[PDB]
Number of protein chains: 2
Amino acid sequence: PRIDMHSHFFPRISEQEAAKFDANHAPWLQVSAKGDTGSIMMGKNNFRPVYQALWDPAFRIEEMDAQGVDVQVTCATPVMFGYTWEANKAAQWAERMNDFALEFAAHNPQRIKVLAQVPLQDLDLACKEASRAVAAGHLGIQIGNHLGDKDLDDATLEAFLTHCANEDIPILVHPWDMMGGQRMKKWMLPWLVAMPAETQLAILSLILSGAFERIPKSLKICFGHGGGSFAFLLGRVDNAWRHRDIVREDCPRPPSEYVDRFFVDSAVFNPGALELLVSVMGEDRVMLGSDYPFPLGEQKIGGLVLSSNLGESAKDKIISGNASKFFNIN
Amino acid sequence: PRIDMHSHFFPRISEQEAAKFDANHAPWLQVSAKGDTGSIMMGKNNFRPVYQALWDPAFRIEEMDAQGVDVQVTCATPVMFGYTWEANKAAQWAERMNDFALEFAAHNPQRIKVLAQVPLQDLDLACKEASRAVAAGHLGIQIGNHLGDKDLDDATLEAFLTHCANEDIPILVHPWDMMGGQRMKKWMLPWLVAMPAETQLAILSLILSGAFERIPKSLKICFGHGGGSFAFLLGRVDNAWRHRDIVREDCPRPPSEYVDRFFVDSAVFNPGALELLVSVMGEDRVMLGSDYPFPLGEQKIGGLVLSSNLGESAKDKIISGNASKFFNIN
Ligand SMILES: [Zn+2]
Ligand SMILES: [Zn+2]
């Protein structure tokens, strides 16, 4: 079997639906005149354009059939997160979005699994929604990797992860709200430079802060896009830890020894990069994920893993066995 | 023989010397009471602490002897760059610093080679200083990777590279003035996350802008710290180029085919990372560099390359043959 655990959806939100939350900043879906194409919209401005797989579960199942994908795990498009909104409205939005998600999966719940969003700007509302959404059928949570200047080392975010650990709630960490300022204006550089750095920063924030010494081993947490540049730059981190006490202040063993505390997806778009990723993380900690249905995703889902020279046993773990245990999928 | 082409020096600048340029922002060297240790100072504030190899060429030669380093190429500590200063004062500073550099190397010019800094905020003064410093004995230029929000795709920086290409002046691009804002305050995260992303951004800015279609092939340009995360994230860039026209707008062939237009040093602190780097760049485009004498450099210079499983022929190119041709060292 084949599980793709990194994909996105966007719900059929109407303009008036979104305006009952925020006419200016709540996103909504316009399935335009040709109907094949949408804008995610913000207010009446256009946000970015999308196509039908994002919103149509029937159309998506036929593509999954064609790709040979048996089970796809899907979650919010990050524009849905609403982390800057007033907390109570953000909690109402998260519940609505997560209900939308379960309705998406209800067309074929054996083949479409969903993860939930949470109002991460209020720790109490976010823990309550994580528990509520998983009890209603979600298999885990997808969060952005940072909340403004608060990275994953911040006690509020560590506490959210620890809540999920203690309740057996898996987490997918997705880069969002990219660093860079007024640079990287062209050629989608935020997706090529800032996004892998954001994910590396999230992983290193947990490691170098000592958070894994405090978060229970029960935490199942995965980072998108192969963990960004984390695995390649890990030697540089270990060398810094060895030679500067301020890099060691909160992290009692070499940073690379914490790779047994998290997972990555396999979306690194290159055979050598995947071999290095599996070398660093272990065949038990890399899961097939495509970023379907976005253009910077993998067109032939699983093609990189399937055409690799990894062991047949490792190929099965990455394509199916790891996600099956991580998300409890049969 | 062994050439280390990535290292730094800082000159014996006195507080009054620096104040004749800028009492607040010109850096200077305080060889403190125990004399083993300095602060680079800024005004009367402390900038950061350094040790004697940075400023003492005699002491440095004995360490090079112990390490088995025959020739070391050395250049300004980036705090010396002065890219935010008024241009004419910055040009006076660059000339003074580059004279300081040649005095450093004059104790043993066969074993200590220097690269120059330039007042990059004025293209004309920067080209004139590049030519002047190379004519006086410098083997090339070291620049920061960006000038504020101007990355290497900016016409002014492309024109500086093209000047150097046309005059057979090699360039080392070093990350500096790191992105990140108010994040990455702890555990030297700017050096672990922001620095490799800065260097990747510089390389991708040249590639995706089409600059290599305009800059002559004669350009010899090397990027520090293995090119940052560039080689690992290259598959993701090629995939984006294939699937979004705005990533292709200015770059007429797959981004990965431009690796024959630049070099990287070998400082990636991990055997698998070095194997991937050589796979991507080619054994002819990776040069031994240590980041001596800084703590996030390589303590045993050349140890990673020498203990690798690369061919004996590839080991010689990386340790000596490539830098010898790149910088014209005998
Ligand atoms: Zn995604
Ligand atoms: Zn350096």
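So that the names make sense, note that chain A is the first sequence line, chain B the second, and so on, each numbered from 1. First listed ligand is number 1; within each ligand, the first listed atom is number 1.
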task = Give a rough value, rounded to 10 degrees, for the angle at the Zn ion (ligand 2) between atoms NE2 of B:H6 and NE2 of B:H8.
result = 100°
inquiry  = the Zn ion (ligand 2) and B:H225: any N/O/S contact shorter than 2.8 Å?
reply    = no
inquiry  = For B:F262 together with B:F230, are the ring centres under 6.0 Å from each other?
reply    = yes
note = The atom name of the N, O or S atom in B:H174 nearest to the Zn ion (ligand 2) is NE2
ask   = Looking at A:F326 versus A:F263, is the centre-to-centre ring distance below 6.0 Å?
value = yes
inquiry  = Classify the ring geometry of A:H146 against A:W176: parallel below 30°, tilted from 30° to 60°, perpendicular beyond 60°.
reply    = tilted
message = Looking only at N, O or S atoms in A:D291, which is nearest to the Zn ion (ligand 1)?
response = OD1
key: B:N239 versus B:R236, side-chain donor and acceptor atoms under 3.5 Å   = no
